[PDB]
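[1] so I pulled this structure from the PDB, and the sequence comes with it:
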Amino acid sequence: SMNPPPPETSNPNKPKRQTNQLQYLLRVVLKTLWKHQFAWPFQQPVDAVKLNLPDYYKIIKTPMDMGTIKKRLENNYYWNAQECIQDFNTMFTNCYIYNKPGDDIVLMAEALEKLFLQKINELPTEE
Ligand SMILES: COc1ccc(S(=O)(=O)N2CCOCC2)cc1NC(=O)c1[nH]c(C)c2c1CCCCC2=O
């Protein structure tokens, strides 16, 4: 089976804005996770073809990854900070759905999620 197309990163029909919360999500939250030592499994969509995981997209129907989130922020895809925070949480939830306690990917996701929470708990004030 094929990979699905990656999630849309630009919608030409959506209005666009810059906010301090969106700046924080890209330049502080995403950036901090992007340069972490456990970021590499989460920097792009799971390639179930090359990795030979034919059941991944039978189990994961809302795939999400930091490469997609990064592009969404850079393309002003998100109007509300909540839309971006939901994508991060979907990415982590997918990991814990597909994988088991003691898996190396689970320990990596847990460390990244701890850091995500520390950064998102300092989300700046809304305009
Ligand atoms: C054995 O697994 C890999 C081996 C090499 C590479 S790779 O970085 O060398 N490379 C990626 C681009 O295609 C060429 C190979 C990646 C991965 N894997 C991931 O990235 C990844 N991420 C998640 C979220 C996941 C996974 C796979 C584990 C279970 C599902 C699962 O939850």
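    Received the coordinates, thanks. Numbers count the residues shown, from 1 in each chain.

[2] close to the ligand: what parts of this structure are there?
    40-42, 44, 46-47, 50-51, 95, 98-99, 105 (CB under 6 Å from any ligand atom). For the C-beta atoms, the positions are set from N, CA and C on the backbone; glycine is no exception.

[3] 8 Å instead?
    40-44, 46-47, 50-51, 53, 56, 60, 65, 91, 94-95, 98-99, 103, 105, 109 (CB under 8 Å from any ligand atom).

[4] from these, list the buried ones, please.
    Buried members of those, counted by 16 or more other CB atoms under 10 Å: 42, 46, 53, 56, 60, 65, 91, 94-95, 98, 109.

[5] just the residues you listed: which are in helices?
    56, 91, 94-95, 98, 109 (DSSP state H).

[6] taking those residues, tell me the two that lie furthest apart.
    56 and 109 (14.9 Å; CB to CB).

[7] for the helix or strand containing residue 24, packing partners?
    Using DSSP states H and E, residue 24 maps to helix 20-24. Where contact means 3 or more CB pairs under 8 Å, 6 or more residues apart in numbering; DSSP states H and E, helix 20-24 is packed against helix 81-98.
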